[PDB]
């Protein structure tokens, strides 16, 4: 039942993609206000 998962070298990189996509939102609060 390991085959199913084996999300170690894909489900790792994606964790550092939400931080990236959460940096271009900070710049929005600064411009609208």
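In UniProt numbering, the protein residues as written are 236 to 268. Where is the CB? At the ideal position from N, CA and C, for every residue including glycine.
By how many angstroms is the C-alpha of residue j removed from the C-alpha of residue i?
i	j	result
residue 357	residue 250	Since the displayed the chain opens at 236 and closes at 268, residue 357 lies outside it and no answer follows.
residue 255	residue 262	12 Å
residue 242	residue 253	17 Å
residue 260	residue 248	20 Å
residue 257	residue 239	30 Å
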